[PDB]
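Asker: Here is the sequence, then the experimental structure:
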Amino acid sequence: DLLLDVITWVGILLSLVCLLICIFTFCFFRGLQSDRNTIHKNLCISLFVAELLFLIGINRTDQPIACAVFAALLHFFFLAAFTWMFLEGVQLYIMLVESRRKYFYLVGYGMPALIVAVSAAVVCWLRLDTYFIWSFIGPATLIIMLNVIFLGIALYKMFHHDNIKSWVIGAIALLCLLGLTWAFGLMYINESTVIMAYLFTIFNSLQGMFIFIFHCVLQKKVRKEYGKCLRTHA
């Protein structure tokens, strides 16, 4: 398990850095700020927190009180990131049919918050032996599928009838990347097979890679603003 952990540190750190490079460029710039800059900022914040909590809580169950906090925080932030891409798909559909910053914050964090508190009322990730690992997976898979539903609706609308097209293609690719990353991420925790846990590292490296290359340098708006700042400063 120790040998595989060496590889995971490389990938998770790369995901943390690649998110970090454009976690602030979503708030450090006063031009980009919009309804797709708050969703894409909270998404990176949630993924950053999830990655950091993973790196600090892979198996450290020596302190039970710390393990419980680790588990609750990770279970909250995973579904927070997933519902934030839900809100990203909803926003991409709305900007296709045609400031709600706090109301996206309400759906983006309230729904994960509602589940965690209610579920708690009834390895440091969770008990994967039935009980309510399925009660976690249910909402997660449901919102992933329904985000796919919106992404497909928008893509089909545009295709049979731009920049929204590129954004929804990037969003569906990013959602598939989260799927194929945090599917092995929930396998690296209860076991240590090199067959999937090792590829979990490269999927984190690609997940962060896509977040940093599509939504931070290939939008022709973040790149232009960063170039403006760079050229003006010196």
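Answerer: Now that the structure is in, tell me what you want to look at. Numbering: from 1, shown residues only.
Asker: List the buried residues of the biggest helix by length in the chain.
Answerer: When the chain is scanned for its longest helix (criterion: DSSP state H), the result is helix 64-97. Buried residues in helix 64-97, counted by 16 or more other C-beta atoms under 10 Å: 67, 70-93, 96. Quick note: C-beta positions are derived from backbone N, CA and C, even for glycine.
Asker: Need phi/psi at the closest residue to residue 229 other than its chain neighbours.
Answerer: Nearest non-adjacent residue to residue 229, counting by C-beta to C-beta, 6 or more residues apart in numbering: residue 29, 7.4 Å away. Residue 29 adopts backbone torsions of phi -100, psi 130, taken as degrees, to the nearest 10.
Asker: quick one: residue 29 and residue 148, what's the gap?
Answerer: Distance, residue 29 to residue 148, by C-beta to C-beta, to the nearest Å: 30 Å.
Asker: returning to what we had before: remind me what the longest helix of the chain packs against, helices and strands.
Answerer: helix 35-56, helix 111-121, helix 133-160, helix 164-182 (3 or more C-beta pairs under 8 Å, 6 or more residues apart in numbering; DSSP states H and E).
Asker: Enumerate the positions of the second one that are buried.
Answerer: When you say that, I think you mean helix 111-121. Within helix 111-121, the residues that count as buried by 16+ other C-beta under 10 Å are 111-112, 115-116.
Asker: Kindly report the same for the first one.
Answerer: Of all the residues in helix 35-56, those buried under the rule 16+ other C-beta under 10 Å are 35-54.
Asker: distance between that helix and the chain's centre?
Answerer: Computed by C-alpha atoms, centre = their mean, to the nearest Å, the chain-centroid distance of helix 35-56 equals 6 Å.
Asker: Quick one: work out the angle between it and helix 164-182.
Answerer: Helix 35-56 runs at 10 degrees relative to helix 164-182, counting by axes from the mean of the first three to the mean of the last three C-alpha atoms, to 10 degrees.
Asker: Hmm, residue 55 is touching residue 11, no?
Answerer: No: Residue 55 sits out of contact with residue 11 when judged by C-beta atoms under 8 Å, with a separation of 10.2 Å.
Asker: what is in contact with the two at once?
Answerer: Overlap of the contact sets of residue 55 and residue 11 (by C-beta atoms under 8 Å, 6 or more residues apart in numbering) is empty.
Asker: ok, the residue nearest to residue 209 when sequence neighbours are not counted - contacts?
Answerer: Among residues not flanking residue 209 along the chain, residue 18 sits closest, at 6.1 Å (C-beta to C-beta, 6+ apart). Going by C-beta under 8 Å, 6+ apart, residue 18 touches 208-209, 211-212.
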